[PDB]
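Protein chains in written order, with the deposited numbering: chain B, 2 to 44, 47 to 360, 369 to 437; chain K, 22 to 341; chain A, 2 to 34, 61 to 439.
Beta carbons are placed, not taken as given, at the ideal position from N, Cα and C, and that holds for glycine.
Let me begin by presenting the structure, written as structure tokens, before commenting on it.
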Ligand SMILES: CC(=O)O[C@H]1C(=O)[C@@]2(C)[C@H]([C@H](OC(=O)c3ccccc3)[C@]3(O)C[C@H](OC(=O)[C@H](O)[C@@H](NC(=O)c4ccccc4)c4ccccc4)C(C)=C1C3(C)C)[C@]1(OC(C)=O)CO[C@@H]1C[C@@H]2O
Ligand SMILES: Nc1nc2c(ncn2[C@@H]2O[C@H](COP(=O)(O)OP(=O)(O)OP(=O)(O)O)[C@@H](O)[C@H]2O)c(=O)[nH]1
Ligand SMILES: Nc1nc2c(ncn2[C@@H]2O[C@H](COP(=O)(O)OP(=O)(O)O)[C@@H](O)[C@H]2O)c(=O)[nH]1
Ligand SMILES: [Mg+2]
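Written out as structure tokens, the structure reads:
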């Protein structure tokens with residue numbers, strides 16, 4: 002099987018560097034080097052993310068889409084930056100304006116064809132394609148607009164292969180941009196209707212989880228990114244490993260989406276202990292479920308405790324008892340019968356790889380489909396209206412060839428999306 | 022106006038089905054129940070072979086037409102497998118007065134209200150015809166418009182913008198428009214006689230009126246939906262473009278079933294977002310007239326299997 | 002004489018590698034000896076690959092190892108219809124190419140995992156295409172039906188109410204081994220909270236060895252495969268008996284091993300030792316096939332069983348005078364060199380049809396409804412060449428399996 006990553010925008014891009022920083026080491030691939038793999042198993048399934056050309060050069064099969072040179076020229080001028088074949092860099096030296104409209108209708112719409120071109124060169128690579136990974140932020144141009152287009156096109160070209168989306172939904176407390184809800188509401192819209200698996204991460208849900216669950220005092224972006232990339236590795240790549248009970252994107256999809264919206268999840272990693280001290284090793288297993296299922300530790304902003312779950316997928320990856328795994332999951336399902344929805348006898352989807360995260372003994376990625384994420388699109392949707400009402404920075408959109416009915420559309424859509432999700436919380 | 026109703030229609034055995042000797046397997050009950058070996062059944066109305074085109078129209082479509090002429094919305098769905106009686110029920114002998122189906126009658130009644138009101142009223146009849154094929158909205162009136170979008174109205178309710186609207190001033194103009202669109206419809210042919218349609222069809226009749234003296238305007242929407250039958254892909258053995266077609270037809274019928282079931286149980290949440298079809302019809306299901314689902318069945322051993330499935334599609338009627 | 006086997010689904014393949022291991026182990030045929064007599068099917072390469080990479084690597088022909096690089100999908104539909112279809116032909120070909128090479132066979136021991144994608148769906152049509160191509164044989168499918176509370180897949184029931192209805196009208200005798208109810212045995216009758224899947228497999232890998240292996244092997248009271256279905260199914264429903272083993276003692280902890288027949292047989296009817304969460308909560312047995320192996324005196328049996336026939340609290344069906352097929356083999360069991368299985372010199376792999384499953388099916392059917400009641404993951408199948416039909420019409424199916432397993436018992 003296979004997949005083809007997609008680094009839309011700067012963020013989605015910045016993260017690319019971290020997702021590939023990791024994944025590679027979790028596959029023994031040095032900058033341009035080959036497979037130094039401490040083992041021999043980190044190779047029989049690599050294909051999922053690379054391509055064979057030389058014999059020591061397995062190149063990441065991702066796409067780097069962005070209308071701001073400097074960015075990709077920071078990712079390509081640093082560490083692992085020199086492993087992507089230049090063909091991968093689909094830049095847009097234009098003005099990468101922070102407008103969803105500027106990267107979806109006017110500026111991005113041009114650079115698109117020169118992207119799809121490659122997304123096809125990579126898809127028609129070899130063997131059988133599974134789906135595409137998509138990273139980006141719903142709070143900017145090259146991210147929400149142009150990346151949200153990249154998919155609307157992808158999903159027309161292969162409505163068969165899957166589409167996981169890793170979105171950095173606009174954090175609450177403080178917005179790292181101003182129109183944010185504009186660029187956001189507009190991209191979520193496109194998401195709820197193309198990709199079929201979305202993993203929403205919040206820069207501040209991370210800080211928290213990174214400053215209190217990792218006594219880490221100076222959580223640089225690199226970190227946040229790093230933590231995130233840690234989860235997306237547990238998801239995909241991982242399951243493309245052996246296991247007593249293994250799954251793969253689809254299983255994950257076909258066990259997690261009760262209703263076609265596409266629904267968004269909230270990823271959570273397992274061993275998340277501070278370096279030295281904490282290295283408690285309390286990782287027998289009840290310790291991992293202890294972790295994963297708590298409020299804090301959910302990369303999302305919202306707290307599960309604020310709304311039932313529809314599905315859950317503990318994708319563990321480290322030798323354990325299909326008994327102490329299958330078992331724990333249960334008590335968990337009974338101690339919290341309250342929030343776990345009922346019309347699904349077994350919400351949880353236990354998954355079990357074998358080999359764990369390179370240096371760790373036992374981990375377990377968590378992919379939750381809780382109704383709690385209602386209380387986020389609400390947020391976003393609110394911010395919109397409060398500012399849409401006055402058409403705040405709307406001239407930067409319309410003046411870029413947009414529509415007063417376009418914004419209406421998205422909000423509503425994504426706004427209805429909130430509605431539905433409640434239809435199950437009850 | 023405004024409960025949903027499903028109506029079953031059994032056609033007579035044709036010249037073709039008699040030699041085999043298929044014995045009467047359906048033992049009708051009352052005027053609402055049909056017993057075939059199964060679970061117990063019941064529908065809003067069951068029309069036998071003896072039931073006229075006039076009797077069928079009055080019970081299933083006549084009230085919806087009056088509501089549309091009064092400015093309200095209404096929807097008529099027609100469902101059935103191949104050789105069930107969809108064509109005969111919905112159109113029949115298009116120009117013959119007795120043999121004509123449902124659509125020429127709706128169009129007859131509309132133009133009989135029109136003309137009869139020429140005193141202070143100004144009427145405009147706008148028609149639209151599109152098919153949903155491979156999850157794409159294809160205009161059947163403009164072959165260039167193969168992938169078409171919704172936008173939202175004044176209330177934030179979606180509507181199909183850009184749908185080729187055709188102005189129609191007579192009953193014959195409507196029939197000619199249906200014929201033009203049918204020639205653009207995604208049909209498949211097993212044998213030359215058979216007409217499988219791999220797409221759902223939606224015909225829109227918008228009755229617009231302006232009271233010149235009162236200055237008040239009305240716009241009633243009548244949706245005529247032609248449903249392709251559910252396909253068991255294991256049987257047929259679809260593949261490539263066929264298997265993708267069969268999955269798409271099946272998905273859409275599930276979505277539709279989920280939507281009508283939700284509305285039947287007067288549930289707060291109605292899953293219109295399950296399909297593009299349910300979203301096109303959202304305003305005309307939602308808060309409107311007496312949606313009627315007309316399900317066509319074959320009697321005999323020819324179709325106890327496909328007949329059964331045709332009735333199971335309709336499982337939302339009156340629940341409970 | 003023989004009995005081919007088709008291990009379908011990752012699980013059916015893991016269990017397969019296991020049951021297949023125990024085999025050579027008690028036949029003196031190391032890694033590279061003769062040639063198996065089965066096949067391996069899966070729509071996820073990486074798993075069958077484990078049989079291509081790991082142990083018992085060269086004991087198979089890359090021809091009896093079928094894979095569909097494509098996608099597994101934990102959904103019946105896709106595995107049965109859409110995808111699973113493409114492979115079937117090829118699959119069959121082997122069970123027609125391997126079925127020819129032999130000499131007057133008896134049937135195909137099928138190994139699948141009820142609630143999976145490749146295991147539920149696929150087989151559904153595999154067994155399906157068999158019942159027609161060889162209606163004149165035995166179709167005993169050895170299943171691992173859904174843990175009563177510890178299921179895995181979110182949809183599981185969708186996949187298991189569908190593999191039951193499609194296979195029902197095609198199997199001869201369906202053996203059942205409950206994944207969870209086996210853990211209990213690993214906790215309560217062997218002590219270990221560290222049971223790897225690789226263990227449950229060693230277990231069924233045992234109970235199964237008692238079925239085919241040793242039975243098709245000479246003895247003092249041979250029992251052919253046909254024998255089963257005959258002495259085991261009272262009615263055409265591909266009736267599902269339950270597998271049970273007796274000396275499930277730990278090869279470390281306790282040691283009373285020397286547990287004469289009189290004991291090991293009583294240890295079969297206590298509900299805490301039956302590889303199935305179908306505790307005889309009321310289910311009246313209606314036929315049991317006590318397969319013994321090792322040093323056993325026929326009188327010991329034709330007495331140990333007599334004592335049972337008169338315990339009454341073990342209530343057998345009415346319409347059944349005597350329902351005890353005593354199968355005696357010679358060669359004692361053969362435990363893994365150093366797993367965790369005791370290693371006695373006699374065992375009792377008793378399987379049976381019990382009005383008990385009236386439960387297990389019930390509890391699994393109910394599940395289904397809850398979700399179907401909301402369509403839950405329905406769009407995942409529809410979009411895979413299925414319909415409101417196959418579900419609703421396979422639900423009604425089992426319904427008459429809840430009435431069936433009710434009527435054939437509870438009444439006199
Ligand atoms: C001596 C030793 O055991 O060191 C550990 C360690 O101290 C801890 C604290 C690690 C450490 O992780 C962090 O400090 C961290 C920094 C930024 C963002 C997020 C986390 C570690 O850096 C991370 C590193 O993780 C891995 O090696 C995994 O394979 C992981 N790899 C990466 O994230 C990665 C990092 C740099 C370059 C390439 C990849 C992974 C996880 C999931 C999926 C794929 C890969 C591990 C175990 C450790 C160190 C090295 C200190 C922890 O994190 C992970 C992801 O394992 C933090 O809490 C856990 C518990 C670990 O015990
Ligand atoms: N006893 C036993 N049960 C197993 C084993 N492996 C899996 N199972 C069980 O069988 C089911 C798992 O099926 P999967 O592995 O998900 O799927 P599959 O049937 O191989 O086919 P796919 O869904 O297409 O991958 C679960 O109920 C597991 O508990 C095993 O080695 N032994
Ligand atoms: N986690 C994370 N967030 C980022 C990174 N870079 C920008 N962001 C977030 O992305 C939003 C800004 O959008 P930006 O990426 O600049 O848009 P674009 O570059 O015009 O497509 C803010 O909410 C930031 O917090 C990053 O490297 N990691
Ligand atoms: Mg598998």
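Chain K residues whose Cβ lies nearer than 7 Å to that of residue 419 of chain A: Chain K residues near residue 419 of chain A: 333.
Partner residues on chain B for residue 221 of chain K, Cβ-Cβ distance less than 9 Å: In chain order: nothing, as chain B lies at least about 17 Å away.
Residue 28 of chain K classed as buried or exposed, judged by whether at least 16 other C-beta atoms fall within 10 angstroms: buried
Pick from B/399, B/212 and B/401 that is closest to residue 295 of chain B, judged by C-alpha positions: B/212
Residue ranges of each alpha helix (DSSP H) within the stretch 220–292 of chain B, 4 or longer: Fully enclosed alpha helix (DSSP H) runs of 4 or longer: 224–242 and 252–259.
Terminal residues of the beta strand (DSSP E) in which residue 320 of chain B lies: If you look at residue 320 of chain B, you'll find it in the beta strand (DSSP E) that goes 312–320.
Residue 54 of chain B versus residue 6 of chain B: straight-line alpha-carbon distance, rounded: 13 Å
Element boundaries [alpha helix (DSSP H), containing residue 304 of chain K]: Counting along the chain, the unbroken alpha helix (DSSP H) around residue 304 of chain K starts and ends at 303–306.
Residues near residue 128 of chain K in its chain [Cβ-Cβ closer than 8 Å; skip 5 each side]: Cβ within range, chain order: 192, 195, 196 and 226.
Beta carbon proximity, residue 414 of chain A to chain K, threshold 7 Å: The beta carbon of residue 414 of chain A falls within 7 Å of a beta carbon belonging to chain K, placing the residue at that interface.
Residues bridged to residue 139 of chain A (per DSSP): A/170
Three-state secondary structure assigned by DSSP to residue 394 of chain B: Reduced to three states, the DSSP call for residue 394 of chain B is helix.
Entirely enclosed beta strand (DSSP E) segments - the stretch 88–152 of chain K, minimum 3 residues: 95–100
Status (buried if at least 16 other CB within 10 Å, exposed otherwise) for residue 129 of chain A: exposed
From K/284, K/110, K/102 and K/223, residue whose alpha carbon lies closest to that of residue 324 of chain K: K/102
Contact test: residue 140 of chain B Cβ vs ligand 3 heavy atom, cutoff 6 Å: yes
Anticipated Cβ contact below 8 Å, residue 382 of chain B with residue 313 of chain B, distance rounded: 7 Å
Contact residues within the stretch 196–217 of chain K, judged by C-beta distance below 8 Å to chain B: none
Exposure label - residue 346 of chain A; buried when at least 16 CB within 10 Å: Around the Cβ of residue 346 of chain A, a 10 Å sphere holds fewer than 16 other Cβ atoms; the residue is exposed.
Supposed close pair residue 171 of chain A, residue 206 of chain A - CB separation, criterion 8 Å: 6 Å
The stretch 387–402 of chain A: positions lying closer than 7 Å to chain B by Cβ: 394, 397, 398, 400 and 401
Members of the stretch 81–96 of chain A near chain B, C-beta cut-off 8 Å: 96
Beta-bridge partners of residue 238 of chain K, as assigned by DSSP: K/231
Given residue 146 of chain B as reference, the closest of B/390, B/105 and B/346 once Cα atoms are compared: B/105
Quiz: which residues have CB nearer than 6 Å to ligand 1 non-hydrogen atoms: B/22, B/23, B/26, B/27, B/217, B/226, B/229, B/230, B/233, B/236, B/237, B/274, B/275, B/276, B/278, B/282, B/360, B/369, B/370 and B/371
When K/185, K/98 and K/90 are compared against residue 138 of chain K, the one with the closest alpha-carbon: K/90
Cβ separation of residue 386 of chain B and residue 309 of chain B, assumed to be a contact under 8 Å, to the nearest whole Å: 6 Å
Test: residue 177 of chain K CB closer than 7 Å to a CB of chain B: yes
Chain-order list of residues whose beta-carbon lies under 7 Å from that of residue 220 of chain A (same chain, five-residue window excluded): 214
Three-state secondary structure assigned by DSSP to residue 32 of chain B: Here residue 32 of chain B sits in coil by DSSP.
Contact test: residue 74 of chain A Cβ vs ligand 4 heavy atom, cutoff 6 Å: yes
Residue 317 of chain A - DSSP class collapsed to helix/strand/coil: strand
Collapsed DSSP secondary structure at residue 186 of chain K in the structure displayed: In this structure, residue 186 of chain K counts as coil in the three-state DSSP scheme.
Where residue 323 of chain B sits in the DSSP three-state scheme: coil
Per DSSP, the bridge partner or partners of residue 40 of chain A: The model of chain A omits the segment between 34 and 61, and residue 40 of chain A is among the residues lacking coordinates.
Per-residue contacts from residue 182 of chain A into chain B (C-beta, under 8 Å): The answer, in chain order, is 257 and 258.
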